[PDB]
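Input: a single structure, listed below in C-alpha cells.
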Amino acid sequence: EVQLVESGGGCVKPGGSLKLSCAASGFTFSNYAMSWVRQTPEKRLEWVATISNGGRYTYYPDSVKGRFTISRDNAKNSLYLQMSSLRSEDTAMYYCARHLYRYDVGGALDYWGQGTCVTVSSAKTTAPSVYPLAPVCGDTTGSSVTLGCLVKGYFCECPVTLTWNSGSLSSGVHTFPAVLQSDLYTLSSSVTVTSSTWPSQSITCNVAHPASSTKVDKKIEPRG
Amino acid sequence: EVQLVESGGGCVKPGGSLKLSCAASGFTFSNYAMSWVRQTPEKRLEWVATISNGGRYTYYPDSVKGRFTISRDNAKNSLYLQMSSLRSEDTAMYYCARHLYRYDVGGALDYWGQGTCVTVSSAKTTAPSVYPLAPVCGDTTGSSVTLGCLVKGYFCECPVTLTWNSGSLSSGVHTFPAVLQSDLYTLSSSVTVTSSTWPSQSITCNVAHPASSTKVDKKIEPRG
Amino acid sequence: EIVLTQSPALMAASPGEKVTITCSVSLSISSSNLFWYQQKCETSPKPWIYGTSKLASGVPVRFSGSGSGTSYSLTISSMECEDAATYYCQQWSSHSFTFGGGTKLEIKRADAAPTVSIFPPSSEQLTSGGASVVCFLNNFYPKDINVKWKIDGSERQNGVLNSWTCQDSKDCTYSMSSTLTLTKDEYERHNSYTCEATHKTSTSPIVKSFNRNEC
Amino acid sequence: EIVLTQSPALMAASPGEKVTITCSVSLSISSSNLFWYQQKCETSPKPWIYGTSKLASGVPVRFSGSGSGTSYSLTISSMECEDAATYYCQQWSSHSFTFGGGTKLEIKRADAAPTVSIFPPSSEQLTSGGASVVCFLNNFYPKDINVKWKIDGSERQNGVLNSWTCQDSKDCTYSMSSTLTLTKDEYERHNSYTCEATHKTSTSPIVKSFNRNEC
Amino acid sequence: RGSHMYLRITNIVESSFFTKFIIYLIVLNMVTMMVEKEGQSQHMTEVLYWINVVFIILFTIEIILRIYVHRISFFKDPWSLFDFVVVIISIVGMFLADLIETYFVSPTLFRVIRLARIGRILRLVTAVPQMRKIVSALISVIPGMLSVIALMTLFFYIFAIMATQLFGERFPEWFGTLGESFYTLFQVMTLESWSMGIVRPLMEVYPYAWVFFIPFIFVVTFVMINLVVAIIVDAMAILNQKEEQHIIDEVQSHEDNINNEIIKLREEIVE
Amino acid sequence: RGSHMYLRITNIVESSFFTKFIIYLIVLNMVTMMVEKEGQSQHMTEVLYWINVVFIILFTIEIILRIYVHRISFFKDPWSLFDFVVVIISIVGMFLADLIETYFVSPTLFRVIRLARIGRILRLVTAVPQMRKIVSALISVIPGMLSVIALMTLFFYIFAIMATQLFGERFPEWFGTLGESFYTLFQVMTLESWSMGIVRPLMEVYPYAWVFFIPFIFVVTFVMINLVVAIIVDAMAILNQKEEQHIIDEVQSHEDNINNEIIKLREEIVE
Amino acid sequence: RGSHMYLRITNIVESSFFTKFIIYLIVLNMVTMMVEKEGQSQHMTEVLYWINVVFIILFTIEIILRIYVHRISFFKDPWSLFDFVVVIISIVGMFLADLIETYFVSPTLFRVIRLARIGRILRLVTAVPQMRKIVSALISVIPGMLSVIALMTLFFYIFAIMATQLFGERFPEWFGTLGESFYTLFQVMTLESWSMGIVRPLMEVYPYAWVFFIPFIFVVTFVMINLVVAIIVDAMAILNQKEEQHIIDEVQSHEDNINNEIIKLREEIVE
Amino acid sequence: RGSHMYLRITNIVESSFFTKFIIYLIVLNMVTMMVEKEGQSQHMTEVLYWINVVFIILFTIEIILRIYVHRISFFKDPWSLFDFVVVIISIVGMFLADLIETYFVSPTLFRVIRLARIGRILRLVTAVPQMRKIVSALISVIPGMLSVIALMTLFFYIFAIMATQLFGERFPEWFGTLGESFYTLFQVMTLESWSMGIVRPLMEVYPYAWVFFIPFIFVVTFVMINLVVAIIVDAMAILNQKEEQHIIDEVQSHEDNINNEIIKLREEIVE
C-alpha cells in the first residue's frame, strides 16, 4: 500500500516552534511532489506548503511564508514541516499529502496521511481524569447493557485516543467528539454489550493522551 | 523497510496439497529473484525453490521437483509456493527470501521472512487446553511472584502464539519450546511480576492456535 | 488566490434522491484543474473526482461531475448512507492549492427512537471532589433532540453538556451523550436523577432515570 | 550437489575468547560464492558475511571471515552474549543453494542459581479429569540441571516432562519448565509435592514445594 | 477497333492522367479506411460498405486494363505484380473472409485479415512514381551490405554463445539461452540501457563483465560505421564514374577535333 | 534630392555599416529582453519600457527605410517579409495587447503573446548574412528529403495500425489508439528505452513481440541511414559538378589554343 | 607423379570447387554444433561424436593439402595461419582436453575450451572470399584511426582523473577509483542514462556538475564525428586517386596520339 | 663556439633523436604519476619526490634549449607556448603550492593544483608530431561549424524560453528556469530518457506536450545532420580542389608540349 504517517504535533505556546514529520511508504517518494494541508477546527481546508520532488523548489501561501519551511529527505523517505512563530491561527489538523502526478508540483492530492493535530495555545497542558461509567443498578437486562467511559479535564484536542478492550470491541462503539467545559475538554464513549462479556475487566477503556504523556486502562467494574 | 511475510501453512495430511504465499514490501519486487528455504525440525536448512525476477525461470532440487511449483505475481508483489504430494519429509518452517543481487538467480539470500510452519501429519488437529498456573498459597512474597500459563493437548507445532497482557509484558517472559507427550504437544510460559499488577486480570495469557482456529485469553486469577 | 465557493453548505437528501452540489470559481479555470474530495467523519480527505469528471479509483459510478469555466458540480444519481460526508472542491493555479468550504451531505434516513441510558458517577469522581451524571442516547434519528435534566424535581441545566456523533455511516443514525457536571454535595444530598430525553419519535420523553440510595 | 560440512557442531566459548568455526566444502568453490548466516533462537536467519570476508551491514567488526577453495572459516575476535547463535555457511553453484549443518555457539557465562517456582493445577484441569503439577526454573546457568519429582515421599518420575529455553540473549542464562502429569486421583489423594531442583550452583537442592490441603 | 482500340487504350493507360487518377483513388480509399470505427452507425457502415465496394471494382478494372495493355510483361514488373496481389487479397477480405472465418474459425484471422488493409496502404508506394524511385533506390543498396551484414551476424552469434556461457547461469532472463543472449546483445548494440540496465547489475556479480561488453560495443559500432561508409562510397562511386567518363568523352571529342585536322594538314601539303 | 536622395539613401541602406549597425541593435534588444524579470523595480520596468519603445521605433524606421529602397521587391524577399511581420507583431505586443486581452481575455494570450519576444530573437538570423546563408542551405536540403520522409511516414502508419491491433488491447497507454502507437513507435525509432521500457514488458505478455519491434528498428534505421547518405551525395554532386565543368572549360580552352593554330598552319603553307 | 602430381594437386586445391566444398563443410559442422544439447540421448551423443570426428579428420587433410601446395607461404598468409591454429586447437579440444582437465582441473577450462567451438565459427570468415575481403577492408581502416583513438584515450584519462577527484569522494560507485571513472565516462560518452542516471543525481549534491559533463559530451562527440569523417574521406581519397590517374592516362594517350603526328607533320614537309 | 655552437645545438634540438627523447621522458613521467598513491611508504614518497624533481629540471633545460634555438619564434608557436606554461605551472605545483596553501588556504586548491598533473599529461599531445597533426586538424574544423553552432544555440534559446513558459510552472525541476530548460532540452537532444523520463510524465499533465518535443527533436537532429555533412563536404572540397588542379596542370603540360611544337611547325616551313 501507499501509506503516509504524520508525526509530531501536540500542544505548543504561541510564538513557539514545532517540526512535523511524515513518513512515506509504498511508492517512490523521490518521484512525487508533496504538500501539507491544514484543516482548521471549523473544518476549512487550507494548503500550507508544497515541495518539488527533488526538494529544490518550495511554495507557501502568504499566511505562512517565512514562518513555515517544508523540507524532505529522499533517502529517509520522509517529509518535514518546520513551523515557527506559531499562532492560534495555526491550530489545525495537518495532513501530509502526495501529488496525483509524478514530478507535478500542482494538480491534485491523491493520497493523504492520517494527520497530526497542532494546538497553539497558552493554556496549561493537563492530563485526562478518566472515570468509569458503571451502569445503574436497575433494569440492567443483561441481554444488552450500555457501558461508558468518561475522559475529563484534559487540554489540547489531540493527539488523543480511546479504545475498548484493545480494539476487540471494534463494534457497538460510539465515541463522542471532545467538547470544552471551562477551558478543559470532556470526552466520553459508549459501548453496548451482551453480558457474555460483562461484568468483567474485559471491558477496559483503553485511553491515551500523549500530549500529557498519559495512558490508563480503567475498568468499567460492576456497580454496587 | 524491506519486509517479507509468509502465509498459509499449518497442518496437512500426507499426500495433501498446500499453497504458501509471501508478500513483499519496501523494495522493487520485480527486480529480484526469490527463493524458498526449508528449515526442518532438526534445524537443517534446505533450499527448495528459486524463481527468476520475471518469473520465466524456476529451479528446484530433486527432493521437490514436480511436487513443488514456485510462482510469483510482480503486480501483487507476492510470491507463491504450490506444494503437492506432501510428505512427512516436508514438515518444516518455510522461509521466503530475497536474493542479495538484482536479477541474480544465485549468490546469497539477504532478507528472510518470518516463516510459516508446515506440518504434514496424519494425526488429528486438536485445540489447546489452556490452564492457568495460579501460584502457590505460601511465600508469595509480592515483591515478585512467578506466574504461569499451560497450553496443553494441541497438535501441529505451529502456527501458534502466546503473549502476556497483549504484549505489554514484553519483559520478564520466558516461553518454553513445545514438546510432545503422547502424540500431543504441551507448551508453557512463565512471567515474573511485581504485585503492582497482580492479583488482577491484567495478567492475561493471550494464546492462539490458528491451526485449530482457536484463541483464548485466560486469566491467572489469584489462587485460594 | 482563487476562491472556491460551495453551495449549499449543508444538504439533507433522501436515500435514492438525485443529489447535486455546486462549486463556483471566482475566475475561469481549466476543467482539468478542478478536483473533488470526500471527507468522512474524522478521517483524512480522499480524492473523489479527477478533473471535472473522471471518477477516482473506487468511487461508485453513481457519482458524476460536470462543469466548465467558473461553475462546476458533483452529482449523485441515487444517494446511499455511505455517501453522507463532506465534499470539497479544489483547484490549483499559480503555485497554490485552494479549497472550497465543503458541502456536508446529511442523508434524511427514516426515524429511529433513541436507546437512552443514564449513569451516576463512579466514586472515583466523588473522591476527585465532584460529580458528573451522564446520559447516553444511541442510534436515534433525526439529529434534532432535546435533553433535559432534573435533579430532585427541579431542573438544574446550569451544567448541561452535549456532544453528538456524526451520522455513523453504518446505518446513518445519530448517537449523543449528555452530561450534567455537579459539585461534591450537589450529588451527595440529592437522590433522584433524570435525563428527560424527548425526541421526534417520542413526544413522551424516555425519562431514563435512577435513584441514588442503592448504588 | 555440493555438501558443506561445519565443525564443530557445538562450541562453548567464554566471553572474550577468540572463536573460530570452520566450513569445509566437498569441492573447490569461489570465495565470492561462500556466505555465512546467523540464526538466533526462533527467528529467521540473517546474512552475516558476504563472500568469504565482507561483513553484512550491521555485523559487529569483531566478526571476520577467511578461507579459500575447499576450506572457509568465521571468526569472532572476542565473543559476547549477543553472539550466542547458530551460524550457517552457504554456497551457490549450478542452480542450487546448499547450506552447512550449522554451528551453535554456546557462551559459557558465569553461573546463576535457578529461581525455582512450583504450581499445583488450577481446578480447570481437575474438571478436565486430570492434573499437571508444574515447576519453573528461571535464569539459571549452566543448562545442565536435574529436576526430580516426589509425591508423598515416593518419586513418581513416570510423567515428568521438561523443556528448556535457549540462552536468552539478554544475559544468556537458561530458563526451564518441568511438568509432572497425573490422573485425577493421583492428585486428589496426595498432599505434598516437590520439584527437588538440584543444580551446579546448589548441591543442596532448592526443594521448592507446596502442600495441597490449603489451595 | 481491335489493335487500333489497343493503340487507343494504351495511350490512356500509359497516360500521365491515368497515373494521377489512380493515385487520387488510392488517397481517397485510404481516407475512407480512416473514417471507419467500430463505434459507428449501422447506416454509416452500410454506406462505407457500398463506397468500399465501389473502390474494389474500380481498382479491379484498373488491374484488368493494365493486364490488357502490358500482358506478358505485367506479370513480370514487381510493382504491377504487387498491385495484382493486393487486389486479390482485398477481394478475399470482403467476399470470402466471412466464408473462411465461419469454418476455419480462429482468433488469429480477426488479426491476420487486417493484411487486406495494410496492402492497400502500400499501393501508395506502388502508384506514385517518386515513391517507386526511392524504394528501388533503397532496395538496390541492400546487395552491397550483405557481406558486412553477414559479418555482423556471425560476430553476434559468437558473442551470443560466449555471453550465454559466461552470464546465463546466473542472469537467465538476459543470457540463459542463445535467444535470450541474441536479444540482450542487440539491446546493448543499440546502447539502450546497456550500462545502468545490464552491465552494472552484471558487475555486482561478474566484476570483469566490462571486459566483455565494452569490446563488444567497439566491434559492433566499428562494423556499423564501416557499413554506413560503404553505402556512402558506393553511391559516390556511381557519381564519380560519370564525371570521369564525361571528361574522357570530351578528351576524346578534343581528340577527334584535332586529329581529323592533323590528317588534313598533310594532304593540304600535296598542293 | 528626389532620385538623388534615393541614390544617396540606397548607398546608406545597402551599406555594410547599416547592415552591421542593425545587427548590434538586435543584440542589444535581445540583451534587454534578458534583464527583464517579473520581480523587478517599478522604475526599472518604466526605464525598460522606454528603452523597448526606443528599439521599436528604431526598428520601425529601419523597416520603412528598407521598404523605401527595395519597394516592390521588399515584399518578395522572404527575409525582409519576415522582418516586417516581426515589427508589426512587436507594435501589437506593446500598444494593443492590453486592448486585446482586456476584451478577448484568455489564459492562452499570456502564453501566445510571447511570440513577439520569440520573433525578435529570430531577427538575429535574418540580419546576419552568415546566418541567412546557413539557414537557406538547410532549407534547400528539405525538398530532397520529401520522398524518403513520405516513405518513412507511410511505414510508421502501417506499423501504427498493426501495433494498435496487436498490443493496444492490453497496453493501452502505449498502443491503445493510433496516436498512442505513433508516439510509441517514434520513441522506439529513437531507441529511447525501447527494450527495457517497452518491448521487455510487452514480452512478459507477448513473447514474440520482438518479432515486431526488431524488424521495425532495422527498417527505420535503414531508411534514416539512406536519408543521411542522400544528403551527403547530393552535396557532393553539387561539388563534383563544378570540378567537372572547370576541367571541361580548360579542355575547351585547350581546344581553342590549339585549333586556332591548326587553322593558321594551313594558310601558313600558302607562302 | 612427383611434380606432375603436385601440378595435378595444385589444380585441385586452388580450384573454385575445393574452395566451395570446404565452405559447405564448415556450414555443416556449424549446424552440427547447433544440434548438440546437454539434454540429449547418449546414442545421439555417440553419433555426434563420430560425426565431429569425421569433420576433424576431413579438415585435417584439407590443412595438410593446403600446406602441401603452399608450403613455405602457407605459414605467412594470416588466413591459412588462422585455419591451422583452429585445427590444432580442435584436435586438443577433443582428444586431450580430458587429459588436461583430469590433471590441471580448473572451473575456467569448462569455459575456456569453448574457444575450440568459437574458432570453428570464425573459419566461416576465413573460407569465404567475400568475407576475407570485407574483414581485410575493415582491418585496413584501423591504422588510420590510431592517432585519433590515442587522442580520445588521453582525453578520457584526463577527465577520469578529474572526475575521480571531484565526485569520487561521495559517489564512489561511479567515480571512486580511476577505473570506476573510466567506465562511467564511457557510459556518458555513449549517452546511456547520462543525465537521469548520473548527472542529475550528481547535481543533487554538486549543482555545477553539468559544467563537467556537458563539455565532456561535446568533446567526445566532436572527436567521434571527426573519426568517422576521416574514414569517409580516406575511402573517398582511394576512389578519387583512381579517377584522377585515369584522366591523366587518357591525357597522356591524347599526348601520344597528337605529338607522334606533330613529328610526322615536319618530315612530311621534306617532300 | 658562439654561432657555431648555435649551429651545433640547433642540429641537436631539431633532431629526430631529441624529439623522440622528450617523448619517452613524458611517458616515463606520466608512468611515475600513476604509481603515486596516498597509501604509500614515506621513503617511497621521498624517492618519488627526487624522481619528480629530476623530471622537472630535465624538462626545464629542454624549455631553455628550445627557447635558445627558436628565440622570438618560440613564444609564437602555440605548442611551444603551451609547453612553457606547463613547466611554469609544474614548478609552482612543487615549490610554491605549499607557500600558497599555507596562507591562501582553501579546500579548492587541494583540487585546483591537480592542474599541474593534467598539464603534464597534455604534453603527450604537444610532443608527439602525429598528435599535433590530429589536434590541429580537429581545431581547423571548428571555424566552419561556427555558423551552424550559432544557429543551434539560437534555436535552443528559443525553445528554452518556450519550454520554461509552457511547462516550468508545474515541472520546475525540468523547466522552472531558463537554465533548467536549457539542461533538459540538451538531454532531450541527446535522446536520453527523452520520452519515458520527460515527455510521458509531461503528457500526464500537458497532453499536447508531444507537439513541442517531437518537432524539437526533428529540428535539432536535422541541424546536427547538416553540421556533420558540412564537415564531410568541406574535407572533400579540400581533396577535390587538388585532383582538379592536378588535371589542369597536366592539361597545361599538354598545352606546353603541343603548342611549343605548333610554333616550330611554321618556322620549319621557312626552309
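To be explicit about the labels: the chains of the C-alpha cells are called A, B, and onward in the order shown, and within each one the residues are counted from 1, while ligands get numbers from 1 in the order they are shown.
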Quiz item: Within 12 Å of range 27-30 of chain C, counting only C-alpha atoms, which residues qualify if same-chain residues fewer than 6 places away don't, as a PyMOL selection string?
Solution: (chain A and resi 107) or (chain C and resi 1-5+51-52+67-72+90-94) or (chain F and resi 105-108) or (chain H and resi 205)
Quiz item: With chain E laid on chain F by least squares, using all C-alpha atoms in order, how large is the RMSD?
Solution: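 Result: 0.2 Å C-alpha RMSD.
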Practice problem: Find the spatial neighbours of range 73-75 of chain E, counting only C-alpha atoms, within a cut-off of 12 Å - ignore same-chain residues fewer than 6 positions away - and output them as a list in words. | Solution: residues 63, 64, 65, 66, 67, 81, 82, 83, 84 and 85 of chain E
Kindly save the residues from that selection, with C-alpha atoms included, as a PDB file, in the first residue's frame.
ATOM      1  CA  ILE E  63      -5.819  -4.132 -62.991  1.00  0.00           C
ATOM      2  CA  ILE E  64      -7.678  -5.626 -65.963  1.00  0.00           C
ATOM      3  CA  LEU E  65      -6.781  -2.598 -68.092  1.00  0.00           C
ATOM      4  CA  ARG E  66      -3.110  -2.781 -67.082  1.00  0.00           C
ATOM      5  CA  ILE E  67      -3.053  -6.525 -67.784  1.00  0.00           C
ATOM      6  CA  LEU E  81       2.664  -7.919 -59.593  1.00  0.00           C
ATOM      7  CA  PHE E  82       2.249  -6.415 -56.115  1.00  0.00           C
ATOM      8  CA  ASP E  83      -0.827  -4.403 -57.143  1.00  0.00           C
ATOM      9  CA  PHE E  84      -2.408  -7.579 -58.538  1.00  0.00           C
ATOM     10  CA  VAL E  85      -1.818  -9.485 -55.282  1.00  0.00           C
TER      11      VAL E  85
END
Taking only C-alpha atoms into account, produce a table as JSON lines in which each residue of chain A with an atom at most 8 Å from an atom of chain H appears once, together with its shortest atom pair and the distance in Å to one decimal, ordered by chain and rising number.
{"residue": "A:52", "atom": "CA", "partner": "H:173", "partner_atom": "CA", "distance": 7.3}
{"residue": "A:53", "atom": "CA", "partner": "H:173", "partner_atom": "CA", "distance": 7.9}
{"residue": "A:54", "atom": "CA", "partner": "H:173", "partner_atom": "CA", "distance": 7.3}
{"residue": "A:56", "atom": "CA", "partner": "H:173", "partner_atom": "CA", "distance": 7.3}
{"residue": "A:57", "atom": "CA", "partner": "H:172", "partner_atom": "CA", "distance": 7.3}
{"residue": "A:101", "atom": "CA", "partner": "H:204", "partner_atom": "CA", "distance": 7.1}
{"residue": "A:102", "atom": "CA", "partner": "H:201", "partner_atom": "CA", "distance": 6.7}
{"residue": "A:103", "atom": "CA", "partner": "H:171", "partner_atom": "CA", "distance": 6.2}
{"residue": "A:104", "atom": "CA", "partner": "H:170", "partner_atom": "CA", "distance": 5.4}
{"residue": "A:105", "atom": "CA", "partner": "H:170", "partner_atom": "CA", "distance": 5.2}
{"residue": "A:106", "atom": "CA", "partner": "H:170", "partner_atom": "CA", "distance": 5.8}
Just write the chosen residues, C-alpha atoms, as a short mmCIF file (atom, residue, chain, number, x, y, z; two decimals), in the first residue's frame.
data_model
loop_
_atom_site.label_atom_id
_atom_site.label_comp_id
_atom_site.auth_asym_id
_atom_site.auth_seq_id
_atom_site.Cartn_x
_atom_site.Cartn_y
_atom_site.Cartn_z
CA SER A 52 9.10 19.65 -5.50
CA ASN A 53 10.15 16.03 -5.90
CA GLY A 54 13.86 16.84 -5.66
CA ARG A 56 14.78 22.21 -4.87
CA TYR A 57 11.54 24.24 -5.09
CA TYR A 101 1.12 13.06 -10.87
CA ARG A 102 4.85 12.41 -10.75
CA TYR A 103 7.10 15.50 -10.63
CA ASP A 104 3.98 17.66 -10.99
CA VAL A 105 4.07 20.36 -8.30
CA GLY A 106 0.39 21.06 -8.94
#
Closest atom pairs, chain D residues within 8 Å of chain B, only C-alpha atoms, as a tab-separated table:
residue	atom	partner	partner_atom	distance
D:33	CA	B:107	CA	6.2
D:35	CA	B:108	CA	6.8
D:43	CA	B:114	CA	6.8
D:44	CA	B:114	CA	5.7
D:45	CA	B:112	CA	6.7
D:46	CA	B:111	CA	6.9
D:47	CA	B:110	CA	5.6
D:50	CA	B:108	CA	7.7
D:90	CA	B:108	CA	7.9
D:91	CA	B:107	CA	7.5
D:92	CA	B:107	CA	5.7
D:93	CA	B:106	CA	7.6
D:95	CA	B:59	CA	6.7
D:96	CA	B:61	CA	7.0
D:97	CA	B:47	CA	5.9
D:98	CA	B:47	CA	6.8
D:99	CA	B:45	CA	6.2
D:100	CA	B:45	CA	7.8
D:101	CA	B:44	CA	5.9
D:102	CA	B:44	CA	7.5
D:117	CA	B:146	CA	6.6
D:118	CA	B:136	CA	7.0
D:119	CA	B:135	CA	5.6
D:120	CA	B:136	CA	7.0
D:121	CA	B:133	CA	6.3
D:122	CA	B:132	CA	6.0
D:124	CA	B:131	CA	6.5
D:125	CA	B:131	CA	6.5
D:134	CA	B:133	CA	7.9
D:136	CA	B:190	CA	7.4
D:138	CA	B:174	CA	7.9
D:161	CA	B:181	CA	7.9
D:162	CA	B:179	CA	8.0
D:163	CA	B:176	CA	6.0
D:164	CA	B:176	CA	6.0
D:165	CA	B:176	CA	5.4
D:175	CA	B:174	CA	6.9
D:176	CA	B:176	CA	7.1
D:177	CA	B:176	CA	7.0
D:210	CA	B:136	CA	6.8
D:214	CA	B:137	CA	7.4
D:215	CA	B:224	CA	5.3
Exercise. Can you check the Cα RMSD once chain A has been least-squares fitted onto chain B over every paired atom, in order?
Key: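 The C-alpha RMSD comes out at 0.0 Å.
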Quiz item: Counting only C-alpha atoms, which of E:92, E:166, E:34, E:209 gets nearest to chain F?
Solution: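 Counting only C-alpha atoms, the residue closest to chain F is E:34.
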Using only C-alpha atoms, find each residue of chain A with at least one atom at most 10 Å away from an atom of chain B; report its shortest atom-to-atom pair and that distance in Å (one decimal), sort the rows by chain and rising residue number, and return the result as CSV.
residue,atom,partner,partner_atom,distance
A:1,CA,B:25,CA,8.7
A:25,CA,B:26,CA,7.4
A:26,CA,B:26,CA,6.8
A:27,CA,B:26,CA,8.8
A:28,CA,B:28,CA,9.7
A:166,CA,B:166,CA,8.2
A:200,CA,B:201,CA,8.9
A:201,CA,B:201,CA,6.7
A:202,CA,B:201,CA,8.3
A:217,CA,B:202,CA,9.7
Can I get the selection written as a PDB file, in the first residue's frame, with N, CA, C and O atoms?
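Output file part19.pdb is given in full below:
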ATOM      1  N   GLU A   1       0.829  -1.198   0.000  1.00  0.00           N
ATOM      2  CA  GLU A   1       0.000   0.000   0.000  1.00  0.00           C
ATOM      3  C   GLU A   1       0.867   1.253   0.000  1.00  0.00           C
ATOM      4  O   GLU A   1       1.915   1.291   0.643  1.00  0.00           O
ATOM      5  N   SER A  25       5.615   5.468   2.397  1.00  0.00           N
ATOM      6  CA  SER A  25       5.822   4.054   2.132  1.00  0.00           C
ATOM      7  C   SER A  25       4.995   3.652   0.920  1.00  0.00           C
ATOM      8  O   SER A  25       3.975   4.273   0.615  1.00  0.00           O
ATOM      9  N   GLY A  26       5.442   2.602   0.237  1.00  0.00           N
ATOM     10  CA  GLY A  26       4.673   2.024  -0.845  1.00  0.00           C
ATOM     11  C   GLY A  26       4.733   2.753  -2.166  1.00  0.00           C
ATOM     12  O   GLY A  26       3.997   2.386  -3.087  1.00  0.00           O
ATOM     13  N   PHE A  27       5.578   3.773  -2.295  1.00  0.00           N
ATOM     14  CA  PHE A  27       5.773   4.438  -3.574  1.00  0.00           C
ATOM     15  C   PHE A  27       7.165   5.046  -3.611  1.00  0.00           C
ATOM     16  O   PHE A  27       7.807   5.238  -2.575  1.00  0.00           O
ATOM     17  N   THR A  28       7.630   5.344  -4.823  1.00  0.00           N
ATOM     18  CA  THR A  28       8.894   6.049  -4.992  1.00  0.00           C
ATOM     19  C   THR A  28       8.753   7.496  -4.546  1.00  0.00           C
ATOM     20  O   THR A  28       8.323   8.358  -5.317  1.00  0.00           O
ATOM     21  N   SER A 166      -8.766  -3.250  23.866  1.00  0.00           N
ATOM     22  CA  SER A 166      -7.678  -3.283  22.884  1.00  0.00           C
ATOM     23  C   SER A 166      -8.182  -3.395  21.445  1.00  0.00           C
ATOM     24  O   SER A 166      -7.482  -3.909  20.569  1.00  0.00           O
ATOM     25  N   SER A 200     -16.955  -7.970  33.719  1.00  0.00           N
ATOM     26  CA  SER A 200     -15.580  -8.441  33.806  1.00  0.00           C
ATOM     27  C   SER A 200     -14.661  -7.303  33.387  1.00  0.00           C
ATOM     28  O   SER A 200     -15.096  -6.327  32.770  1.00  0.00           O
ATOM     29  N   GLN A 201     -13.378  -7.443  33.731  1.00  0.00           N
ATOM     30  CA  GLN A 201     -12.368  -6.476  33.315  1.00  0.00           C
ATOM     31  C   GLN A 201     -12.090  -6.520  31.818  1.00  0.00           C
ATOM     32  O   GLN A 201     -11.310  -5.697  31.328  1.00  0.00           O
ATOM     33  N   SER A 202     -12.694  -7.465  31.092  1.00  0.00           N
ATOM     34  CA  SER A 202     -12.648  -7.449  29.633  1.00  0.00           C
ATOM     35  C   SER A 202     -13.111  -6.110  29.071  1.00  0.00           C
ATOM     36  O   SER A 202     -12.585  -5.638  28.057  1.00  0.00           O
ATOM     37  N   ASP A 217      -5.834   2.439  31.605  1.00  0.00           N
ATOM     38  CA  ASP A 217      -6.643   1.337  31.096  1.00  0.00           C
ATOM     39  C   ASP A 217      -7.705   0.986  32.139  1.00  0.00           C
ATOM     40  O   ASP A 217      -7.783  -0.128  32.646  1.00  0.00           O
TER      41      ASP A 217
END
